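Participant:
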């Protein structure tokens, strides 16, 4: 088992559609970390999430979506109000989400609870 | 006036119109590139509007929210860090103040940038 699993970026809406199909085939949920590379609070939570992704290897794949680099069409699929936003998706839809803004380790413990509720 | 409100830039077409307008007046413009989903970007707005009043009829101030506008507009700013307060003149970016410091300091650096190109 690895100590860290890097999150795979999502490039566009088409890439999001493919990812959701691949997961449905596996009957697994996915995690989407909607982050913003020009906003400091999103670039620092990333390694904490990668540690959490390693604990769930072959059970839940983790992805990132940078709102500062992807088209507004993809950004729109996130229904973003505050940032960062970590969502759990299953069967082609958004099931739950955690909002950042708290200290990174409390955010991670909220994401862990969300995962346990749907894995 | 005490404070002049910054006009949002909706898209690239709007930006092109603004640059042509400013060129006719032989004036620079300020673009405040900010991110509404990032708190460190919105907290500076009243002080920039208070500064926009110090330069009323001399330099127009505009804002651009990277979290709301088309990516085509965002691309024009050639942004690396946020917020970024840029000075534009003769249809191009002339300089910038990366606003990741205390308000009083960011405002003095914007005054310095304006003085250099007005």
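Chains as they are written, first to last, in the deposited numbering: chain B, 4 to 122; chain A, 5 to 122.
A virtual CB, placed ideally from N, CA and C, is assigned to each residue, including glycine.
Quick one, which of B:92, B:86, B:108 has its alpha-carbon nearest residue 102 of chain B's?
Facilitator: The residue with the shortest Cα to Cα distance from residue 102 of chain B is B:86.
Participant: Buried or exposed for residue 25 of chain A, going by 16 or more other Cβ atoms inside 10 Å?
Facilitator: Exposed is the call here.
Participant: Spatial neighbours of residue 118 of chain A within its chain, please: C-beta separation below 8 Å, excluding the five flanking residues on both sides.
Facilitator: 32, 34, 59, 63, 91.
Participant: In its own chain, which residues sit with a C-beta less than 7 Å from the C-beta of residue 72 of chain A, not counting the 5 before and 5 after it?
Facilitator: Closer than 7 Å at the Cβ level, and outside the excluded window around residue 72 of chain A, lie 40.
Participant: Quick check: what's the CA-CA separation for residue 84 of chain B versus residue 77 of chain B?
Facilitator: In a straight line, the C-alpha of residue 84 of chain B is about 15 Å away from that of residue 77 of chain B.
Participant: Would residue 27 of chain A and residue 95 of chain A qualify as a contact pair, given that the criterion is a beta-carbon distance under 8 Å?
Facilitator: Yes, the Cβ-Cβ distance between residue 27 of chain A and residue 95 of chain A is below 8 Å.
Participant: Need the endpoints of the beta strand (DSSP E) that residue 118 of chain B sits in, please.
Facilitator: Counting along the chain, residue 118 of chain B falls outside any beta strand (DSSP E), though it belongs to the alpha helix (DSSP H) covering 107 to 121.
Participant: What does residue 86 of chain A touch in chain B if you count any residue whose Cβ is under 7 Å from its own?
Facilitator: Chain B residues near residue 86 of chain A: 41, 42.
Participant: Looking only at its own chain, which residues have a Cβ that is under 7 Å from the Cβ of residue 19 of chain B, when we skip the five neighbours before and after it?
Facilitator: Answer for residue 19 of chain B: 13, 77, 80, listed in chain order.
Participant: Check the Cβ of residue 75 of chain B against every Cβ in chain E and list those closer than 7 Å, keeping chain order.
Facilitator: Any reference to chain E falls outside this structure, whose protein chains are B and A.
Participant: Report the three-state DSSP secondary structure of residue 87 of chain A (helix, strand or coil).
Facilitator: Coil, per DSSP.
Participant: Would you list the residues sitting across from residue 97 of chain B in a DSSP beta bridge?
Facilitator: Residue 97 of chain B pairs with B:92.
Participant: Is the CB of residue 71 of chain B under 8 Å away from at least one CB in chain A?
Facilitator: So, interface residue.
Participant: List in chain order: all unbroken beta strand (DSSP E) runs of 3+ residues lying wholly within the segment 24 to 78 of chain B.
Facilitator: The qualifying runs are 33 to 38, 64 to 69.
Participant: Could you tell me whether the Cβ of residue 13 of chain A comes closer than 8 Å to any Cβ of chain B?
Facilitator: Chain B contact via Cβ: absent.
Participant: Counting only beta-carbon atoms, is residue 46 of chain B nearer than 8 Å to chain A?
Facilitator: It does not; no Cβ of chain A falls within 8 Å.
Participant: Cβ of residue 89 of chain B less than 8 Å from any chain A Cβ?
Facilitator: No, its Cβ sits nowhere closer than 8 Å to a Cβ of chain A.
Participant: Give the interface partners of residue 83 of chain B over in chain A, defined as CB-CB distance under 7 Å, in chain order.
Facilitator: Per Cβ cutoff of 7 Å: 41.
Participant: Could you give the DSSP three-state label for residue 124 of chain B: helix, strand or coil?
Facilitator: The structure shown has nothing for residue 124 of chain B, since chain B only spans 4 to 122.
Participant: If residue 52 of chain B sits next to residue 36 of chain B, beta carbons under 8 Å apart, how far is it from one beta carbon to the other, in whole angstroms?
Facilitator: Confirmed, Cβ separation roughly 6 Å.
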